[PDB]
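Enquirer: Okay, so here is target28.json, and as you'll see once you scroll down, it has JSON, C-alpha atoms.
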[["chain", "number", "residue", "atom", "x", "y", "z"],
["T", 1, "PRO", "CA", 17.17, -4.36, 22.84],
["T", 2, "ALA", "CA", 16.31, -3.77, 26.57],
["T", 3, "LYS", "CA", 19.57, -1.69, 26.42],
["T", 4, "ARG", "CA", 22.39, -0.56, 24.15],
["T", 5, "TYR", "CA", 25.52, 0.87, 25.81],
["T", 6, "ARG", "CA", 29.22, 1.48, 25.15],
["T", 7, "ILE", "CA", 32.10, 1.33, 27.73],
["T", 8, "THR", "CA", 35.79, 2.36, 27.60],
["T", 9, "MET", "CA", 38.54, 0.00, 28.77],
["T", 10, "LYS", "CA", 41.79, 1.87, 29.04],
["T", 11, "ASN", "CA", 44.52, 3.22, 31.26],
["T", 12, "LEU", "CA", 47.93, 4.54, 29.86],
["T", 13, "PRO", "CA", 51.04, 2.21, 29.39],
["T", 14, "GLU", "CA", 49.14, -0.49, 27.35],
["T", 15, "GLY", "CA", 48.27, -0.18, 23.64],
["T", 16, "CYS", "CA", 45.79, -3.11, 24.05],
["T", 17, "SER", "CA", 44.11, -4.84, 21.03],
["T", 18, "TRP", "CA", 40.66, -6.49, 20.62],
["T", 19, "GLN", "CA", 42.16, -9.98, 20.93],
["T", 20, "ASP", "CA", 43.88, -8.93, 24.15],
["T", 21, "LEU", "CA", 40.88, -7.26, 25.75],
["T", 22, "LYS", "CA", 38.52, -10.17, 24.86],
["T", 23, "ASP", "CA", 41.13, -12.56, 26.33],
["T", 24, "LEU", "CA", 41.10, -10.65, 29.60],
["T", 25, "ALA", "CA", 37.32, -10.09, 29.46],
["T", 26, "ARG", "CA", 36.72, -13.89, 29.26],
["T", 27, "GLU", "CA", 39.23, -14.30, 32.13],
["T", 28, "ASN", "CA", 37.11, -11.88, 34.12],
["T", 29, "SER", "CA", 33.55, -13.08, 33.06],
["T", 30, "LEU", "CA", 32.69, -10.48, 30.35],
["T", 31, "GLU", "CA", 31.90, -11.46, 26.74],
["T", 32, "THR", "CA", 29.97, -8.57, 25.16],
["T", 33, "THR", "CA", 29.01, -8.14, 21.44],
["T", 34, "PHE", "CA", 32.17, -6.34, 20.33],
["T", 35, "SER", "CA", 34.70, -3.57, 21.07],
["T", 36, "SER", "CA", 36.15, -0.56, 19.22],
["T", 37, "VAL", "CA", 39.95, -1.27, 19.58],
["T", 38, "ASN", "CA", 43.27, -0.99, 17.63],
["T", 39, "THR", "CA", 42.37, 2.40, 15.97],
["T", 40, "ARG", "CA", 43.64, 5.34, 18.22],
["T", 41, "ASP", "CA", 43.73, 6.88, 21.75],
["T", 42, "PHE", "CA", 47.01, 7.67, 23.64],
["T", 43, "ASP", "CA", 47.82, 4.61, 21.42],
["T", 44, "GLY", "CA", 45.28, 1.78, 22.06],
["T", 45, "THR", "CA", 42.17, 1.58, 24.30],
["T", 46, "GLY", "CA", 39.13, -0.62, 23.77],
["T", 47, "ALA", "CA", 35.49, 0.39, 23.90],
["T", 48, "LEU", "CA", 33.01, -2.53, 24.34],
["T", 49, "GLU", "CA", 29.23, -2.76, 23.57],
["T", 50, "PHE", "CA", 26.23, -4.91, 24.69],
["T", 51, "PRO", "CA", 22.36, -4.96, 24.45],
["T", 52, "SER", "CA", 22.04, -5.37, 28.32],
["T", 53, "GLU", "CA", 23.50, -3.12, 31.08],
["T", 54, "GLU", "CA", 24.18, -6.25, 33.23],
["T", 55, "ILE", "CA", 27.48, -6.72, 31.24],
["T", 56, "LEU", "CA", 28.28, -2.95, 31.44],
["T", 57, "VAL", "CA", 27.86, -2.81, 35.26],
["T", 58, "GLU", "CA", 29.74, -6.04, 35.57],
["T", 59, "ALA", "CA", 32.92, -4.62, 33.97],
["T", 60, "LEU", "CA", 32.45, -1.25, 35.83],
["T", 61, "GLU", "CA", 32.72, -3.44, 38.97],
["T", 62, "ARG", "CA", 34.94, -6.34, 37.61],
["T", 63, "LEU", "CA", 37.60, -4.60, 35.45],
["T", 64, "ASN", "CA", 37.68, -1.06, 36.98],
["T", 65, "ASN", "CA", 41.38, -0.43, 37.82],
["T", 66, "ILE", "CA", 42.44, -4.14, 37.55],
["T", 67, "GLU", "CA", 45.86, -5.49, 36.62],
["T", 68, "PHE", "CA", 45.78, -7.11, 33.17],
["T", 69, "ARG", "CA", 48.55, -9.81, 32.78],
["T", 70, "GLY", "CA", 51.04, -7.05, 33.88],
["T", 71, "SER", "CA", 49.23, -3.97, 32.39],
["T", 72, "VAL", "CA", 46.14, -2.42, 34.09],
["T", 73, "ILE", "CA", 42.71, -1.22, 32.84],
["T", 74, "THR", "CA", 40.20, 1.29, 34.19],
["T", 75, "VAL", "CA", 36.71, 0.93, 32.73],
["T", 76, "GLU", "CA", 33.60, 3.07, 32.51],
["T", 77, "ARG", "CA", 30.33, 4.01, 30.79],
["T", 78, "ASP", "CA", 31.17, 6.01, 27.61],
["T", 79, "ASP", "CA", 27.75, 6.64, 25.85],
["T", 80, "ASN", "CA", 25.59, 6.73, 29.07]]
Can you give me the file's structure in the form of structure tokens?

Expert:
Amino acid sequence: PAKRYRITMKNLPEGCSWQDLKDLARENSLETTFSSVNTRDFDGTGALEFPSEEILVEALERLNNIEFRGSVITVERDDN
């Protein structure tokens, strides 16, 4: 729509899953459309999408190098 973006949500010790990352994201105030998770990286990173950069910039300032129930995630723009 007004936008289309994709972000990475990742760090190193955590093979996170879509259920896990949406759980945290709702904790944190994200929602998004969806995320590319479970497939491969070091083992398991997510990569979210939304039609409006509000949600992108949010996580880039809400989830960037945050501790995730005892793991951590670093998050960033990945198609922009």

Enquirer: Looking at T:49, T:31, T:23, T:76, which one is nearest to residue 11 in chain T, with distances taken over only C-alpha atoms?

Expert: T:76

Enquirer: Smallest atom-to-atom distance to residue 46 in chain T: which of T:17, T:58, T:70, T:32, using all atoms listed in the file?

Expert: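 Between T:17, T:58, T:70, T:32, the residue approaching residue 46 in chain T most closely is T:17.
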
Enquirer: Pick the closest to residue 53 in chain T from T:77, T:27, T:8, T:15: which is it, counting all atoms listed in the file?

Expert: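 Among the listed residues, the smallest separation from residue 53 in chain T belongs to T:77.
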
Enquirer: From the options T:62, T:43, T:34, T:74, which residue's atoms come nearest to residue 6 in chain T, counting only C-alpha atoms?

Expert: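 That would be T:34, the residue with the smallest distance to residue 6 in chain T.
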
Enquirer: Identify, on the basis of all atoms listed in the file, every residue whose closest approach to residue 78 in chain T does not exceed 12 Å; exclude the query and any residue fewer than 6 positions from it along the same chain; express the result as a PyMOL selection string.

Expert: chain T and resi 4-10+36+46-49+56+60

Enquirer: In Å, rounded to a single decimal, give me how far CA of residue 14 in chain T is from CA of residue 37 in chain T.

Expert: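 Going from CA of residue 37 in chain T over to CA of residue 14 in chain T covers 12.1 Å.
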
Enquirer: My list of candidates is T:57, T:16, T:25, T:30. Which is closest to residue 80 in chain T when distances are computed with all atoms listed in the file?

Expert: T:57

Enquirer: Using all atoms listed in the file, which of T:38, T:2, T:50, T:12 sits nearest residue 73 in chain T?

Expert: T:12

Enquirer: If you measure from CA of residue 51 in chain T to CA of residue 19 in chain T, what distance in Å do you get, rounded to one decimal?

Expert: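 Between CA of residue 51 in chain T and CA of residue 19 in chain T the gap is 20.7 Å.
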